[PDB]
Amino acid sequence: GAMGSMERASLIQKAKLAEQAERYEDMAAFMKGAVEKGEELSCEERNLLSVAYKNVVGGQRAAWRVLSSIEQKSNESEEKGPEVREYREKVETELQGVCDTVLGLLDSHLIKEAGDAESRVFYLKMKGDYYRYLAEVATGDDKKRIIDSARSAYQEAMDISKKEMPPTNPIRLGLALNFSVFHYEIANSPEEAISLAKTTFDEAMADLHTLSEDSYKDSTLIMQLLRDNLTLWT
Amino acid sequence: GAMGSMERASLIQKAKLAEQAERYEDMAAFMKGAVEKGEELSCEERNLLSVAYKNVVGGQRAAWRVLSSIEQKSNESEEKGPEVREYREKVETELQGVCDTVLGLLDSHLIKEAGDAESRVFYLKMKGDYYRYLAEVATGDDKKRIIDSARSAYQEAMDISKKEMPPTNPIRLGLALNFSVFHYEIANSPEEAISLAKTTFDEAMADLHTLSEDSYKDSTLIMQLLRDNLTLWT
Amino acid sequence: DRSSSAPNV
Amino acid sequence: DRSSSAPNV
Ligand SMILES: *CC(=O)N1CC2(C1)CN(S(=O)(=O)c1ccc(Br)cc1)CCO2
Ligand SMILES: *CC(=O)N1CC2(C1)CN(S(=O)(=O)c1ccc(Br)cc1)CCO2
Ligand SMILES: [Cl-]
Ligand SMILES: [Cl-]
Ligand SMILES: [Mg+2]
Ligand SMILES: [Mg+2]
Ligand SMILES: [Mg+2]
Ligand SMILES: [Mg+2]
């Protein structure tokens, strides 16, 4: 693509620079370029890919929510014409395009080459996450299929994580957190959400004793998010 | 341009929506489209134009400063190759392009049609500001000419503001603030900066008695910024 | 308020 | 720290 002439190492270096400069669109383009080199990504490089796209789509999601809220208020209200809907649709399309880009990278060919637990679970979690973001804005005949695609990716990731990783592994914990959010916010399954969050928290608690000081800090940070959700949900 | 098929009123409506959604690149594109309709802008519309481009260029300036700082540190240090300079140059070029876009709108044809004091001073202040942003990154044979262009725009604005507006007018105050920043940060003229800030503050103080409660709040807000700078500078 | 998903790390 | 210029209003 557009980054085809830049060295892989230069793309990673520039992604790190873009991160420091809070230039997340640039960061995502650099990391897309790096993925398109065709080599597998290290843990650090997967982190850069994740941070870049999360920030890009995060801005889009926040904007979409603002616009959807204005649109819902107008449709109850003095007629304002098509502009609110048009602009919401514009932001929605751009958001869908980012999600499709990420899903395309995962499908061509990150997931299929990912054989270690940390890589495969990370990528399948990501697949679940970006289908979940598609589901947040879906309203037509594919909302159900999008939700099922998210579910299927999260489930495959969960099955591997339970077999191959300790209950305190940050990737395993972040996956379970996000799958619980999927259940609560997308799948209309609050009880499944609560059960997953509780079981995850409890199994991690029981394994903290095995960890170093640094790993303990990492795991307990994510456990606190499970607890914050459980407080919100119960 | 790209917004040529959208109604002027729809462009303004969408700029307001983009502002609420914190989508400032979109906001700037909508307002550029509105300017290109060829009609003069109201006070509110000038505000939308200003907010959109200020936020866009503000992000670029912050990124450029981060990258310039990394670059200066490397050039003293283990050789890291051309990437830091390349990426700083990329951000710099994009910043220059935004400034050139704004300056082009002012030149074609906002300034020449602006006959009232509030519009003409606002646009000439803006011209000074965007030359000032160009000056922040300039290092070659045109740094002097860029600084003089900023100075000339600010001076013309100052001359009109002193003849046509009260000393508490927010546009007059914001102009004097920014011209004082020009003197201190760009023109290596800290004494001129301090003198302008002091005289501006004092003449505004003496005119506060004429104002309503709401206008008082507006003026004193900007006066506080003059005072904050004077505290920094002395 | 919405549920918290995994943050950037 | 840098001088303060006019903020958004
Ligand atoms: C080592 C490795 O592959 N990575 C990717 C990660 C470190 C972890 N992921 S994540 O989405 O799995 C995640 C885990 C824990 C938290 Br609090 C947040 C996100 C993000 C990128 O870096
Ligand atoms: C009425 C009108 O033309 N405008 C433009 C403005 C209201 C004022 N400007 S400004 O750059 O002159 C400015 C004045 C005061 C402050 Br605290 C900040 C900026 C900004 C856009 O709105
Ligand atoms: Cl639109
Ligand atoms: Cl570059
Ligand atoms: Mg749509
Ligand atoms: Mg129950
Ligand atoms: Mg240059
Ligand atoms: Mg002196």
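Order of the sequence lines sets the chain letters (A, B, ...), proteins ahead of strands, with each chain counted from 1. Counting starts at 1 for both ligands and their atoms, in listed order.
Applying the 4.0 Å criterion to heavy atoms of B/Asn47 picks out, from ligand 2, the atoms 21 (C), 22 (O). Counting the atoms of ligand 2 from 1 in the order shown, those under 4.0 Å from a heavy atom of B/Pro170 are 14 (C), 15 (C). Within ligand 2, counting atoms from 1 as listed, the ones closer than 4.0 Å to a heavy atom of D/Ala6 are 18 (C), 19 (C). Listed by number with element, the atoms of ligand 2 under 4.0 Å from a non-hydrogen atom of B/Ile171 are 2 (C), 3 (O), 12 (O).
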Check: What's the verdict on salt bridge (charged side-chain N to carboxylate O under 4.0 Å, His left out) for A/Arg23 and B/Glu94, showing C-alpha distance, side-chain angles and the deciding distance?
Finding: CA-CA 12 Å; A/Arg23 292 273 291 194; B/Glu94 293 182 4; 2.8 Å; yes
Note to self: Run the salt bridge (charged side-chain N to carboxylate O under 4.0 Å, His left out) test on C/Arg2 and A/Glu136 for me, step by step, so that the C-alpha distance in whole Å, both residues' side-chain angles and the decisive distance to 0.1 Å come before the verdict.
What the structure shows: CA-CA 12 Å; C/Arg2 292 166 187 277; A/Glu136 288 179 342; 5.3 Å; no
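In this structure, of B/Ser50, D/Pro7, B/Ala157, the residue bringing a heavy atom nearest to atom 20 (C) of ligand 2 is B/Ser50. Among B/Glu45, B/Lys125, B/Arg46, the residue whose heavy atom lies closest to atom 10 (S) of ligand 2 is B/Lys125.
Between the side chains of A/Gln96 and A/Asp100, no donor N or O sits under 3.5 Å from an acceptor N or O. Remark: the A/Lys14 side chain and the A/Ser10 side chain contain no N/O donor-acceptor pair separated by less than 3.5 Å.
Counting protein heavy atoms only, atom 1 (C) of ligand 2 is closest to B/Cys43 SG, 1.8 Å. Of all protein heavy atoms, the one lying nearest to atom 5 (C) of ligand 2 is B/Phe122 CD1, 3.6 Å.
B/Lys127 places no side-chain N or O within donor-acceptor distance of the main-chain N or O of B/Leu103, the cut-off being under 3.5 Å.
Contact annotation: for B/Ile222 versus ligand 2, heavy atoms closer than 4.0 Å belong to the side chain alone.
Enclosure of atom NZ in B/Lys144 is not indicated, since only 12 or fewer non-hydrogen atoms of other residues, nucleotides or ligands lie within 6.0 angstrom. Atom NZ of A/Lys112 has more than 12 heavy atoms from other residues, nucleotides or ligands within 6.0 Å.
The nearest N, O or S atom of B/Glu92 is closer to the Mg ion (ligand 7) than 2.8 Å.
Of the polar atoms of B/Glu118, none of the N or O atoms is found under 3.5 Å from an N or O of ligand 2, judged by distance alone.
For the atom pair CD (A/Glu113) and CD (A/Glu39), the distance works out to 10.0 Å, reported to the nearest 0.5 Å.
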